[PDB]
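K.L.:
I would like to see how this sequence folds:
(chains A and B)
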Protein chains: 2
Amino acid sequence: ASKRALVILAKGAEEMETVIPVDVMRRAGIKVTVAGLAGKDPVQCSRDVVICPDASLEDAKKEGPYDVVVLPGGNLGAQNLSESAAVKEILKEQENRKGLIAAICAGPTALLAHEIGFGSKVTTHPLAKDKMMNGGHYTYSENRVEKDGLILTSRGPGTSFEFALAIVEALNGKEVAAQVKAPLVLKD
Amino acid sequence: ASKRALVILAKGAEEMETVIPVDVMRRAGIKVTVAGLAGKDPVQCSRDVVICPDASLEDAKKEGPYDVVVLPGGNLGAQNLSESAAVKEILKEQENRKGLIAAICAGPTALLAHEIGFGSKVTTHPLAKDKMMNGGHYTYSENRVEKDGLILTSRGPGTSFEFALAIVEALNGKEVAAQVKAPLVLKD
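P.N.:
Numbering: from 1, shown residues only, chains lettered A, B, ... in the order given. The structure is reproduced below:
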């Protein structure tokens, strides 16, 4: 009865956008797998924090399905996600089974690369808007967190707490999210 | 002419309180060393994120002095910091040379253990107040970020961005902090 989350971690990922959702989701009792795109080796993030994944994506792919698939941002991390055929397969499977897909900052640009969720309202970091909107396949939003169907998006490192708590609310409900929020000492 | 920061990373540290200041400080052009208390081995943080330090504390201790020494929180991480004689030596040296000391959440309780900054106004996580105030050696504050002389303290995971930007302002000034803040998409 435990919810499961897959976080895909690639070189160049934004380490704040990776660790905040992982931590907050584990505080909510969700079973989180941090899967390295290129294997189990440690991943050098965009500001040189090195994180050791829980598993390789190849291995984690076999232990699905997951209630949410989470794509962190970071410009170079998002580009690696966008070029990976394994990521394409996981996202299309998640879309087909109507599971949640969550992406932050530059992360949503990987949805466009893999043709996921066309027609949805989305947000991105302001610097990624033009990339995301190439072709007009989505409707753009400037909300700090946006949720349209099964696609949940957010804007930047500074929206990471709101992004993570929106995932918790979608999976475990509003009461659990409120209980997890209180000890964090968030402003609003 | 580059400022230098030492971040002391112990088992049980709060990984959000560790990565946010490291990332934000590197965005500000500060040279940051993440030093493992027990060595160079990877550190398992409080919510099971594993971070690989840049160096051991023993080695980093030799490459000082540092313009700021940063103590993350996490209950078990703070207890490890409080029991370490190497941490005592680094903090007393930093206090004697009038360098900045910064601690967040449960982190400030290590200052009490090592008798650092008695007489200063400090804040902590609400759950750590009674521990910090044992003996009445500090004056307690409920501000999200507090700075009294060379002691800079903050309350919780949710104050980590404000905490990190206060360090940047103290070291590099208000203009740099404002420039680093803008792309983060912070609310206030």
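
K.L.:
buried sites along the strand or helix carrying residue A:76?
P.N.:
In the assignment (DSSP states H and E), residue A:76 maps to helix A:75-83. Under the neighbour-count criterion of 16 or more other Cβ atoms under 10 Å in any protein chain shown, helix A:75-83 has A:75, A:77-82 buried. Backbone N, C-alpha and C define where each C-beta goes, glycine included.

K.L.:
now stretch A:2-20
P.N.:
Neighbour count says stretch A:2-20 has A:3-20 buried, by 16+ other Cβ under 10 Å.

K.L.:
In helices, which of these fall?
P.N.:
A:15-20 (DSSP state H).

K.L.:
Among those, which one sits closest to residue A:48?
P.N.:
Ranked by distance to residue A:48 (Cβ to Cβ), these are led by residue A:15 at 8.6 Å.

K.L.:
My guess is the closest one contacts residue A:46. True?
P.N.:
Yes: Residue A:15 sits in contact with residue A:46 when judged by Cβ atoms under 8 Å, with a separation of 6.7 Å.

K.L.:
still on that earlier bit, so which of the ones in helices among the buried residues of stretch A:2-20 also contact chain B?
P.N.:
Among these, the residues lying close to chain B (Cβ under 8 Å from any Cβ of the partner chain) are A:15-16, A:19-20.

K.L.:
Export these to TSV and append columns for distance to residue B:106.
P.N.:
Listed next are those as TSV, based on distance: Cβ to Cβ, whole Å:
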residue	distance to residue B:106
A:15	22
A:16	20
A:19	18
A:20	18
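
K.L.:
Can you pull the residues of chain A lying near chain B?
P.N.:
Residues of chain A lying near chain B by Cβ under 8 Å from any Cβ: A:14-16, A:19-20, A:22-23, A:26-27, A:34, A:42, A:47-52, A:125-127, A:144, A:155-159, A:161, A:183-188.

K.L.:
Residue A:30 contacts residue A:169, correct?
P.N.:
No: Residue A:30 lies out of contact with residue A:169 (Cβ under 8 Å); the separation is 11.9 Å.

K.L.:
When the two are compared, which one has more neighbours?
P.N.:
Using other Cβ atoms under 10 Å in any protein chain shown, the more surrounded residue of residue A:30 and residue A:169 is residue A:30, with 22 against 18.

K.L.:
Kindly list the main-chain dihedrals of that one?
P.N.:
Note on residue A:30: its backbone torsions stand at phi -80, psi 140 [degrees, to the nearest 10].

K.L.:
would you list every one of the strands in chain A?
P.N.:
A:4-9, A:31-36, A:43-44, A:50-52, A:55-56, A:68-71, A:100-104, A:121-122, A:139-140, A:145-148, A:151-154 (DSSP state E).

K.L.:
Using JSON lines, lay out these together with distance to residue A:165.
P.N.:
Shown next, in JSON lines, are the strands of chain A (distance: least, Cβ to Cβ, whole Å):
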{"stretch": "strand A:4-9", "distance to residue A:165": "14"}
{"stretch": "strand A:31-36", "distance to residue A:165": "15"}
{"stretch": "strand A:43-44", "distance to residue A:165": "25"}
{"stretch": "strand A:50-52", "distance to residue A:165": "22"}
{"stretch": "strand A:55-56", "distance to residue A:165": "25"}
{"stretch": "strand A:68-71", "distance to residue A:165": "13"}
{"stretch": "strand A:100-104", "distance to residue A:165": "12"}
{"stretch": "strand A:121-122", "distance to residue A:165": "19"}
{"stretch": "strand A:139-140", "distance to residue A:165": "23"}
{"stretch": "strand A:145-148", "distance to residue A:165": "9"}
{"stretch": "strand A:151-154", "distance to residue A:165": "11"}
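
K.L.:
Fine by me, thanks again.
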